[PDB]
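Structure first, then comments.
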Amino acid sequence: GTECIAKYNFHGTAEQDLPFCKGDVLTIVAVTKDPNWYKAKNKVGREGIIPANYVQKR
């Protein structure tokens, strides 16, 4: 997985979203049908969909 850093706070929008905080380090675990959304995983192991825009590659 490729690590990312959250640029902003994200409160989910739907059941499948992965909420996170600015500064958080996430690992993109998969790409989705939509280019603006990725599936990632956080520190404690939770997974969900996040916006490609709120996150900074490496």
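Residue numbers (the numbering used here): 1 to 58.
Even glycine gets a Cβ: it sits at the ideal position worked out from N, Cα and C.
Tell me the DSSP secondary structure of residue i in three-state form.
i   : result
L26 : strand
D34 : coil
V44 : coil
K39 : strand
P51 : strand
For residue i, is the classification buried or exposed, using 16 other Cβ atoms within 10 angstroms of its Cβ as the cut-off for buried?
i   : result
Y8  : exposed
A30 : exposed
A6  : buried
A40 : buried
Starting from residue i, trace the beta strand (DSSP E) both ways and give me its first and last residue.
i   : result
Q56 : 55-57
Provide the residue(s) that pair with residue i in DSSP beta bridges, ordered along the chain.
i  : result
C4 : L26, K57
Please confirm if residue i has its CB atom under 8 Å from at least one CB of chain C.
i   : result
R58 : Among the chains of the structure shown, chain C does not appear; only one protein chain is present.
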